[PDB]
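Just below is one structure, and these are the notes that go with it.
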């Protein structure tokens, strides 16, 4: 179900997760959960994985404005821009597929999915989101548009193949719905419909009810009944923090969007400071730039590297030996100064 | 491959003797090569009776024996059915397992069908909320089912709007099937005297609508 | 006869593989082989080899190497040809045979495999009944039209599946990469309309099905 992605979108009807602090600290099934993080990239590539169809239509055609919500208040198709991704900055997108979304974003302390699928504007099911660049290159700027360099990096290739890996779920979601059972006075009404019941026997094992079909209990309410939401139509892939009623499972699997592969890197390693050769030495005054790993390398010598990330004007006095200093400092190539009389 | 060659067209009569010919295209038969012919039931359900030059059929008419005829599987079958139209398969099983040649498909007389029994109405309003219209005009059990279908809503058959579904035959020669007039919803309101005018075997089925 | 419960009509996944079983029941035929038939497209039963009952031994023809598997799950009487090598130039019938009357004698089922690309829409069934003006004879022709099956399957039951004495049907036929037909039968004067002689359409692989009852527009 990745040749059309909607086969994998239809195998996994999404449900709410352990949304522990959506408001201040209000905790329940959160409708836009935080399932996994997919950020092993040197392409500045976050990926969020959660339990809604953010990248899967109802029939499964990837509607832009259809991002699929899924709850016991059921599967629906909420907005395409109204999915909140808040990393403490704007959740910039690179793409999205089903229960995943790959993106670039300058990081923070908390990622926060914001549930807004026409039942709300936002709801901030958040997570302690570490995200920091550690960028490539000698130079220290993250500005892609200037033309000064091209290094190698690895970024999330945004092609819509089926999978390289595949996450999945079974032992199915006996799930967060216990207010179904209709009121009998000392009995109960099995109010059947909408989903599968997952009942339990206290006075009568007809209180043990699976159904979208209703029944009767006599002499047993809560306290002598049992009711939970035990239905199907969802392969629930990564449900942590709300355990399934199954300790014994048979899962189904689906692939991983945005597979990380090799790319370039437009890195802006600009010109360094000014180098006057002196009476036995030489000296380059580095100006300010983006924070650049300067390396004055006595290349052949005892390699005390005049090397550090730099952000001010510094004074790289390379007293040049016969072995010759290498000013290869911050996003340029080297320079092999040989001392002379 | 192999060729146990006989008449791969087979034309029978009422109670008709399916003489499933297969003389050996290489030459002469044997029971180690298994020159056999067993008659084949509907939906391409070959069930081998006249087995390998040694057997008759289990529960079939008793006149059927796929045996040595010519230098191949000559299958003499006297006393066939009225609607037993199916593939009398000439199997050659060369001391390991049965591989097929062609097998003579046999279709006979006895019990010819009628005109196509008319189910021809513009169907319920589920398509008319989509801005569509698919009226169902068809026959049931037409025989000899050589169907001429003029499919044009608004009365006159034009090459669009019409549609033919699968007109499918049974074992007993009953072959009537459906089709539609497939146009718009307000376009299905634009014309109401549409249909599918069908005719097979001298019997003509009127698919006419009302809207 | 040790009769076949055939693997279904299946659209082909590309490069794919499975053990397409003709469940060869009627006994535990464990000392009994069969011809594991490939329903060739023109040729009919051009079987690419045979199965065994307990040995499971697939005798192999000269063409089924590559996309062929021999599968013999004969513990409850199952034989089968494995559809390996999913490609669009193979898709035909798949049958069995048990080896009684010592060549292949218990002629199996035959299930329609179709190697191909298909739709992302399965069939849908619609109720087409007697009209809001009349349409009323001794035979009142209705049913459900089950169309658009990309990929397979499609199956249409009459009377909601119960009152189905002869609901004449078109199977999945070609339209836009979707298998399409209609399963429609007559009700009597007392077959409908208050007695719900309803056309039910189904697509089990693509899961596109609905039962549309004995209720017309009048």
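To match Swiss-Prot, the residue numbers of chain A are left as they are there, and the shown ones run 335-675.
Recorded method for this deposit: electron microscopy, 6.3 Å.
Each residue, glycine too, has its Cβ placed from N, Cα and C.
Positions annotated as disulfide bond by Swiss-Prot, on the basis of similarity to another entry: A:353-A:459, A:356-A:362, A:425-A:439, A:487-A:599, A:535-A:559, A:537-A:554. Look at Swiss-Prot and you will find A:360-363, A:518-521, A:550-556 tagged as region 'Interaction with host Mxra8 receptor', backed by experimental evidence. Taken from Swiss-Prot, the feature N-linked glycosylation site applies to A:534, A:596, supported by similarity to another entry.
Features per Swiss-Prot, on structure.
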{"residue": "A:353", "record": "disulfide bond", "contacts (Cβ under 8 Å, 6+ apart)": "A:361, A:362, A:363, A:364, A:365, A:366, A:367, A:457, A:459"}
{"residue": "A:425", "record": "disulfide bond", "contacts (Cβ under 8 Å, 6+ apart)": "A:418, A:419, A:437, A:439"}
{"residue": "A:534", "record": "N-linked glycosylation site", "contacts (Cβ under 8 Å, 6+ apart)": "A:541, A:542, A:559, A:560, A:561, A:562"}
{"residue": "A:535", "record": "disulfide bond", "contacts (Cβ under 8 Å, 6+ apart)": "A:541, A:542, A:560"}
{"residue": "A:537", "record": "disulfide bond", "contacts (Cβ under 8 Å, 6+ apart)": "A:551, A:552, A:553, A:554, A:558, A:559"}
{"residue": "A:596", "record": "N-linked glycosylation site", "contacts (Cβ under 8 Å, 6+ apart)": "A:486, A:487, A:488"}
{"residue": "A:599", "record": "disulfide bond", "contacts (Cβ under 8 Å, 6+ apart)": "A:470, A:471, A:483, A:484, A:485, A:486, A:487"}
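Around the Cβ of residue A:356 (disulfide bond), a 10 Å sphere holds 23 further Cβ atoms from the protein chains shown.
Across the region 'Interaction with host Mxra8 receptor' (A:550-556), DSSP classifies residues as 0 helix, 2 strand, 5 coil. When other Cβ atoms within 10 Å of the Cβ of residue A:362 (disulfide bond) are tallied across all protein chains shown, the result is 14. Of the listed disulfide-bonded residues, namely A:459, A:554, A:559, the sparsest CB environment within 10 A is found at A:554. Cβ contacts within 10 Å of residue A:487 (disulfide bond), excluding its own Cβ and spanning all protein chains shown: 19.
Each residue of the region 'Interaction with host Mxra8 receptor' (A:360-363) gets a DSSP state, and the totals for helix, strand and coil are 0 helix, 2 strand, 2 coil.
Counted with DSSP, the region 'Interaction with host Mxra8 receptor' (A:518-521) comes out as 0 helix, 0 strand, 4 coil.
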